[PDB]
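**Student:** structure of the sequence below:
(chains A, B and C)
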Amino acid sequence: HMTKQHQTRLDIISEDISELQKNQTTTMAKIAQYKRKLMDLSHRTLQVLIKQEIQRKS
Amino acid sequence: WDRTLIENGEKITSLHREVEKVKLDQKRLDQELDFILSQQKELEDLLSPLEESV
Amino acid sequence: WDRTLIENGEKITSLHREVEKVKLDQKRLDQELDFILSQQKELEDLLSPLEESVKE
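**Tutor:** Numbering: from 1, shown residues only, chains lettered A, B, ... in the order given. Structure data below:
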C-alpha cells in the first residue's frame, strides 16, 4: 500500500507544474522584449543600407 | 482504500492535461525563439560585410 | 484493489518524466535567451559605427 506516497508525489508533481507555468509566463515576457529590440535593430540597419545605397548612385 | 485512490486517480488525469497544455505552450515558446535567432543571424550577415568598409 | 495501485505508480512516473523533460526545455530556452542577448549587444556595437559615418 503506497496510496499515501503517491499523493505526496502528486503534490510534488503538481507543485512543479505550477513553477513551470510561472517560468513560461516570464520568458514569454522576455521574448516580447527581445522581439521589440530586434525590430529596432532591423530598421536601423535597413536605413544604413538605404542611406548607404543612395551614396552609390551619386 | 480511503477513497484516496479516487483523488489520486483524479489528480493523475488533471495533471495529465496540465502537462499536455504546458508542453504545448512550450512548443510555441521554442518557435518564437528560432524566429529570433533566425532573423538575427540574418541581420548580422547583412552588417558584417559593410562594417569594415564604412 | 492492488492492480490499480501498481498502475497509478506507473502513471505517476510518466507524469514525473514528462515534467522533467519540460524542465529541460525551459533550461535550454533560457540558455538561448542569453545567447540572443549577447548577440543583440554585438549587433548594436556593430551598428553605431555604421550609422555614424552616415549621419550627414
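
**Student:** quick check, central residue of chain A?
**Tutor:** In chain A, the centroid-proximal residue (CA atoms, centre = their mean) is residue A:31; its distance is 2.7 Å.

**Student:** please tell me how far residue B:47 sits from residue C:42.
**Tutor:** 10 Å (CB to CB, to the nearest Å). Bear in mind the C-beta positions are built from the backbone N, C-alpha and C, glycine included.

**Student:** so between the two, which is more surrounded?
**Tutor:** residue B:47 (20 against 11; other CB atoms under 10 Å in any protein chain shown).

**Student:** near chain B, which residues of chain A?
**Tutor:** With CB under 8 Å from any CB of the partner chain as the criterion, chain A meets chain B at residues A:3-4, A:6-7, A:10, A:13-14, A:17, A:20-21, A:24, A:27-28, A:31, A:34-35, A:38, A:41-42, A:45, A:48-49, A:52.

**Student:** can you map out the helices along the chain?
**Tutor:** Unless you meant another one, I'm taking chain A. Taking DSSP state H, the helices of chain A run over residues A:3-57.

**Student:** switch to chain B, that's the one I care about
**Tutor:** B:4-41, B:43-47.

**Student:** who are the packing partners of the shortest one?
**Tutor:** Right, the one you point to is helix B:43-47. On a contact count with 3 or more CB pairs under 8 Å, 6 or more residues apart in numbering or on different chains; DSSP states H and E, helix B:43-47 meets helix A:3-57, helix C:3-52.

**Student:** pull the distance from the last one to the chain's centre.
**Tutor:** Right, helix C:3-52. Relative to the centre of its chain, helix C:3-52 is centred 2 Å away, using CA atoms, centre = their mean, to the nearest Å.

**Student:** again, but for stretch A:11-30
**Tutor:** 14 Å.

**Student:** need the contact partners of that stretch.
**Tutor:** Stretch A:11-30 has contacts (CB atoms under 8 Å, 6 or more residues apart in numbering or on different chains) with B:11, B:15, B:18-19, B:22, B:25-26, B:29, C:12, C:15-16, C:19, C:22-23, C:26, C:29-30, C:33.
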